[PDB]
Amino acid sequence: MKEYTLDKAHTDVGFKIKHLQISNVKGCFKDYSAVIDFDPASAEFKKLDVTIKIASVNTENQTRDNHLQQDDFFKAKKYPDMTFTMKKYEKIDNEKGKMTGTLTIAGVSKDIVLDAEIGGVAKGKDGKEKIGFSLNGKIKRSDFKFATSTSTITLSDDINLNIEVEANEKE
């Protein structure tokens, strides 16, 4: 038997433990087109049709973006774009309305409601019209059978849409 004394400098009294953390992935799309018909006299949308190129996704992370294009997500080779088509605008007041339309994600189509909030209807620098509005609403991955492989535990069934638009008159 012999007696020893730690050397605290080359000793580590260590432990490892596993925890879960919840976090929001924030994303946008760099490339999309839209057609916008709005009547400032009555604060009503008449047509809103948007096409978004899945390819142009950006979640501030290059390898996740690529991953989004694959089978277990967007399948961007087969379905390069997502579309929204307005079917009904129901005015609440001049700042607010309920927009109903058809969202199409990888060939699957559902009717969704977005909350329109009109934040500013002006004549511009030059005297041609501008508008600023937001569209907000929650959609369910399950409704669109999006990422069906991924559990609703790992990744939320709920996606929150925040469309912020500034826009100028045509011709």
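Note that residue numbering follows the sequence shown and begins at 1.
*Asks:* With reference to the PDB entry, specify whether the mean Cα temperature factor is higher for 97 to 105 or for 72 to 80.
*Replies:* 72 to 80 has the higher mean C-alpha B-factor.
*Asks:* Per the PDB record, is the mean Cα temperature factor higher over 61 to 69 or over 140 to 148?
*Replies:* Mean CA B-factor is higher for 61 to 69.
*Asks:* By the entry's C-alpha temperature factors, tell me which of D31, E117, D49, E44 sits highest.
*Replies:* Of the candidates given, the C-alpha B-factor peaks at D31.
*Asks:* Sorting the chain's CA B-factors, does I153 end up in the lowest, middle or highest third?
*Replies:* Ranked within chain, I153 CA B lands in the middle tercile.
*Asks:* Rank-wise, by C-alpha B-factor, drop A55 into the lowest, middle or highest third of its chain.
*Replies:* For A55, whose C-alpha B-factor we compare with every modelled residue in the chain, the answer is the highest third.
*Asks:* Looking at the entry's B-factor column for C-alpha atoms only, identify whether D126 ranks in the lowest, middle or highest third of its chain.
*Replies:* It belongs to the highest third of the chain when residues are ordered by C-alpha B-factor.
*Asks:* Within this chain's modelled residues, let me know which third the CA B factor of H10 belongs to: lowest, middle or highest.
*Replies:* Ranked within chain, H10 CA B lands in the highest tercile.
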